[PDB]
């Protein structure tokens, strides 16, 4: 036997893409790593520090280092993150981001970290070779959108935009016939061939992936093992999984008004619906939605933003809706405590867009899962949950993402009717999966095994 000793802690630096949606998960990962004693240097612009710094739970070990984003052609005056731009400024922000290379080179030279985590900064490997650190290309998304998009096995012609049936065809070798985009959904993958600064996106991501020592993904073998294996083979790189790195669930009690309203109903009977804080619907689609909920005859709590055009949610509701729904249903256009609502024992169904966080809140809950995705990562997550694992159902679509009230109602009723065979299938499968994903230590073991891989 060699004697025990206390393995020495790592210093890890992170330079994530300058979006609140990229930085926040890097911080949550930082917290899990610092919890185990490791040191983390996170490089970010000051507006991000201002908005997100509160998320750092271990300031003795997690330090923030400011990175001034240069001014360039096309860039709004004070802009440091994607929160400060419209989609017409995407390339200035990318060019500006790439122009932070000198300022981060200096910081990394000064900090001398063991490992650096990055995503969109494909020039970080060049610096690794200079300064002598290892790199992980850490992706805060699911493996499937990575596997189906920018891999060597997909030819992406550099002169013209990609076409619908090209985008719709998975790369050769892609290990699923279920977790795929159908027809017009392919269009949502268009970003893979787009421009993103001086270069196209696929060139940047191909370089990030090819240049790293390991690929990191915010996911699990149990859900996306084959996808991870596929990526590994495509880039000839190891793939380290962190697990989903979910933040500490907000405790704090539920607003008295909503709790009393929910207590009016039988256990596991209310349908809750939210598509997260980004998305906003067209007025007619919003009206199909609420009517779809009326048709179910079930009680319902809808937390959606007022649609484009309207002055409030009340204004947007079709004629007579409030009167005939009365007790049964709420349509709230402001912020709600999503977590505490889903945990109310009266809630029994969650209708969501299958964004990353909502996917995981769904999988970990006791409610049945109904899915209405918009973006490529959301559709792919949805295929995983509804087609492949069958722990959820997905609402059918049409042109432009349209969903019928008939289909929305049918889906909700299909999982809430006690005699529905589809509903029993998804309920039992969901319970099997939940049991695996909350078995004690499951998340911590992902983190601890991730750290072990970092040590190599």
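Residue numbers count along the first chain shown, from 1.
On mean C-alpha B-factor from the PDB entry, just flag whether 262-270 or 248-256 is the higher one.
According to the PDB entry, the answer is 248-256.
Comparing 112-120 with 376-384, which stretch shows the greater average C-alpha B-factor in the deposited entry?
If you average the C-alpha B-factors of 112-120 and of 376-384, the larger mean comes out for 112-120.
From 214, 89, 241, 347, pick the one with the largest CA B-factor in the entry?
Going by the entry's C-alpha B-factors, 89 comes out highest.
Among 237, 308, 218, 221, which carries the highest Cα B-factor?
That would be 308, according to the entry.
Consider only the C-alpha atoms of the modelled residues in this chain, order them by B-factor as the entry records it, and name the third containing residue 443: lowest, middle or highest.
Its C-alpha B-factor, which the entry lists for residue 443, ranks in the lowest third among residues of this chain.
Based on the entry's values, in what third of the chain does the Cα temperature factor of residue 31 lie: lowest, middle or highest?
Middle third - that is where residue 31 ends up once the chain's C-alpha B-factors are sorted.
Taking the values exactly as deposited, rank residue 420 by C-alpha B-factor within its chain and report the matching third: lowest, middle or highest.
Tercile = lowest for this residue's CA B-factor.
Taking the values exactly as deposited, rank residue 431 by C-alpha B-factor within its chain and report the matching third: lowest, middle or highest.
Lowest third - that is where residue 431 ends up once the chain's C-alpha B-factors are sorted.
Could you look up the Cα B-factor of residue 135 in the entry and say which third of the chain it sits in: lowest, middle or highest?
For residue 135, whose C-alpha B-factor we compare with every modelled residue in the chain, the answer is the middle third.
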